[PDB]
Amino acid sequence: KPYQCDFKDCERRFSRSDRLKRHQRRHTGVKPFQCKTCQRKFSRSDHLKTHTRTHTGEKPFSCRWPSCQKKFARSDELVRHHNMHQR
DNA sequence: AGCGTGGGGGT
DNA sequence: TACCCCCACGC
Ligand SMILES: [Zn+2]
Ligand SMILES: [Zn+2]
Ligand SMILES: [Zn+2]
């Protein structure tokens, strides 16, 4: 982890320079990525992408439990739901 | 529940 | 650099 953060009081280090740069957006508040539907801005392009599904209704991630028809916008929502079917 | 927004991995 | 994500914590 040679890419250290020099912002005041921060101790984080990273293996990649792009991951240090992404991290530093927390300190500066920079939000490079904008939703073309509602104009909200986001720190990260992947989170803009999943945000956009809140407008389109697309729910790609389907429960695989027999006779359950629930679907989800994001993979981790489906992880949480599968965890629940088991208990 | 639905989703904001970190870290970490890959290509 | 640009995207593709999973995992995770939190409200
Ligand atoms: Zn920092
Ligand atoms: Zn939007
Ligand atoms: Zn289900």
Side-chain angles (χ1 to χ4, degrees), chain A residues 1-86:
Chain A
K1 302 189 167 203
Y3 298 99
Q4 80 293 336
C5 190
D6 286 343
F7 280 74
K8 175 176 148 68
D9 293 330
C10 190
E11 301 312 292
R12 285 221 156 260
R13 295 186 85 79
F14 295 86
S15 67
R16 287 158 59 155
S17 73
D18 57 353
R19 293 285 133 100
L20 171 63
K21 169 181 251 172
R22 191 179 68 177
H23 159 81
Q24 290 174 325
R25 289 172 202 157
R26 306 170 51 183
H27 300 306
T28 60
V30 168
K31 289 181 180 170
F33 305 102
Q34 188 175 30
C35 181
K36 295 179 177 180
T37 303
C38 73
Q39 282 68 51
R40 188 172 173 164
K41 294 188 172 168
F42 300 87
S43 63
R44 292 171 41 157
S45 62
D46 53 326
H47 295 337
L48 168 63
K49 182 179 204 274
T50 59
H51 163 80
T52 300
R53 303 194 181 129
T54 73
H55 302 301
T56 66
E58 85 169 290
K59 296 183 184 196
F61 297 96
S62 323
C63 184
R64 298 192 283 280
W65 202 265
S67 299
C68 183
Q69 306 296 76
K70 303 272 185 177
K71 302 173 186 186
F72 300 95
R74 256 164 42 185
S75 61
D76 57 290
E77 296 175 84
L78 173 61
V79 170
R80 200 170 55 181
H81 177 75
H82 276 159
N83 286 345
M84 167 276 302
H85 272 287
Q86 177 169 358

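Sequence lines set the chain letters: A, B, ... in the order given, protein chains first and strands last, and positions in each chain run from 1.
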Please tabulate, one pair per line, each protein N/O and nucleotide N/O from nucleotides 7-11 of chain C that are separated by under 3.5 Å, including the distance.
| unit_1 | atom_1 | unit_2 | atom_2 | d |
| --- | --- | --- | --- | --- |
| C:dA8 | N6 | A:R74 | NH2 | 3.3 |

Residue A:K49, side-chain heavy atoms: nucleotide from C:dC4, B:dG8, B:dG4 that is nearest: C:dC4
Sugar-phosphate only, base, or nothing, as touched by A:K70 at under 4.0 Å among non-hydrogen atoms: nothing
A:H81-A:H85 aromatic ring centre distance below 6.0 Å: yes
Short side-chain N/O contact to B:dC3 OP1/OP2 from A:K59, under 4.0 Å: no
Classification of the C:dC6 sugar, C1'-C2'-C3'-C4' positive north, negative south: south
A:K31 NZ to B:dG4 P, straight-line distance once rounded to whole Å: 11 Å
Within residues 33-43 of chain A, residues whose heavy atoms come under 4.0 Å of DNA chain B: A:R40, A:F42, A:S43
Sidechain-backbone polar pair: A:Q34 side chain, A:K41 backbone, donor-acceptor under 3.5 Å: no
Near-strand residues of residues 13-26 of chain A, defined as heavy-atom separation under 4.0 angstrom from DNA chain B: A:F14, A:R16, A:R19, A:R22, A:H23, A:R26
Minimum side-chain heavy-atom gap A:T56-A:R53 below 4.5 Å: yes
Could you tabulate the donor-acceptor pairs under 3.5 Å formed by side-chain atoms of residues 70-77 of chain A, not counting sequence neighbours?
| unit_1 | atom_1 | unit_2 | atom_2 | d |
| --- | --- | --- | --- | --- |
| A:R74 | NE | A:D76 | OD1 | 2.9 |
| A:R74 | NH2 | A:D76 | OD2 | 2.8 |
| A:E77 | OE2 | A:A73 | N | 3.4 |
| A:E77 | OE2 | A:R74 | N | 2.9 |

Under 4.5 Å side-chain linkage, directly or through intermediates, the cluster mates of A:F14: A:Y3, A:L20
4.5 Å side-chain heavy-atom contact, A:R26 and A:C10: no
Co-members of A:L48 in a cluster of I, L, V, M, F, W and Y side chains, linked at under 4.5 Å: A:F33, A:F42
